[PDB]
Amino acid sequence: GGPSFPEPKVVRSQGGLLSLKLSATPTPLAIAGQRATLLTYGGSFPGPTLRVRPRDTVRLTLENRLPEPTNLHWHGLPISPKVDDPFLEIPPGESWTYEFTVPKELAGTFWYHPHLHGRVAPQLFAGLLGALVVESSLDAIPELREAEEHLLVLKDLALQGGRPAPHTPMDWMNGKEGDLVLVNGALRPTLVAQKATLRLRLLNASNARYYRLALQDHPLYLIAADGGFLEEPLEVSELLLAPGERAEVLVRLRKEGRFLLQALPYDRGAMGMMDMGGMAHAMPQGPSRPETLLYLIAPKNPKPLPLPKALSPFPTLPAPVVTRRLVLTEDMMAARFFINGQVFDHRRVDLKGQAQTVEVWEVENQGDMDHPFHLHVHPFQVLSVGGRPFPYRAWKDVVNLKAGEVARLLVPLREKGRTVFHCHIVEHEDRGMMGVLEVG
């Protein structure tokens, strides 16, 4: 009804249960004016959005119809690592049922994708990803209830011969970015707003591309980070979203008109190829070229809603009982990536911590590219980066580190079991930059 906007089909819980069979299968699709066979969940790119409420039961049966094994990571969900099992393999032709309960305090935007080590980057790049939304009682206050809500899945692509483009040697070093910069699987869609206040849930599901988001003539009001609400709205002129990160923003359209949502130039330290003999800046790739993500059309005579005065207070965290240091390094030409000097070994436990305690983690990027650090199972609070305070309080599960930056994270250890932490430039994860945490 009214103007259409491309957006994944939503599957909702009913009577406290979301039970769904989801097949991972090669799928011919229409895309950017052409036909391509992608790897998809549920026959769509992106996959379907699962929408639940706290205390719901999720029962998702993943049906592997791919030519290779796979698994699922429930990215950002603070559940058991015996469910969110990074070491599980589902062979081709087999199924596996993931069952869990949505925690009572959780809210925001999460996502699911493959996590079979060694094959994450080709599988995610081929199209295997979908969103998960946890509704909150806060969504009922008038300042959010009457906003026009949309999910925006930011994910680029490159095609060759009607299939996802193959990974090159440069791709394993830099991470793979595509030439088709898509929103919900569409090339530069147009959103004809019917309300003057929009609530946009944003997901960077790209392998490696960064999105320095800016809306023409408008600020963004950040109300949620990766894993939950902020304490109150935070006005920003632009918002950088690293791979794996999510955010929710309100947009207040004041004037009629058509406004571009753009991914402004950002230099994440990727490296170019060689030869040379010039006068200025080469060798690095330098900043991304600017991209138009979508066109936003404001409604007639727009009067936006007032902003909410407060959102969700952030929990007081106890004093930490241990401090950890995790140093990220790289060898670019070999395209190998390390944590404290070692590459991932699934038979090696790297950190041993205690359930029901809080730790400080100091994560130090001693490389030259941005690396976005992700910890499964245990959401954290970013204290500082580079010795300066983080700009808000909210649960995160991905923190971006530029060259030489050190992040101090407060990590409450929740569920027992064995889980992982890794760079979410998933090529780097495939090429070494992952370690194992065991909680007892």
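Note that the rigid core is defined as the largest set of C-alphas that superpose within 1.5 Å between two forms. In this text, residue numbers run from 1 along the sequence as written.
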Greater root mean square CA deviation, 138 to 146 compared with 277 to 285 in 8 other deposited structures of this protein, core aligned: 277 to 285
Stretch with larger C-alpha RMS deviation in 8 other deposited structures of this protein, core superposed, 268 to 276 versus 119 to 127: 268 to 276
Residue stretch of maximal mean CA temperature factor, 310 to 318 vs 222 to 230: 310 to 318
98 to 106 set against 151 to 159, stretch whose average Cα temperature factor tops the other in the entry: 98 to 106
Selection by C-alpha B-factor (highest) of 328, 280, 88, 131: 280
Deposited CA B-factor, highest of 376, 35, 51, 388: 35
Record-listed C-alpha B factor of residue 44: chain third: highest
Modelled-residue ranking by C-alpha temperature factor, third containing residue 369: highest
Cα B factor band for residue 63 (lowest, middle or highest third within the chain): highest
For residue 175, the third of its chain into which the C-alpha B factor falls: lowest
Third assignment of residue 28 from its chain's C-alpha B-factors: highest
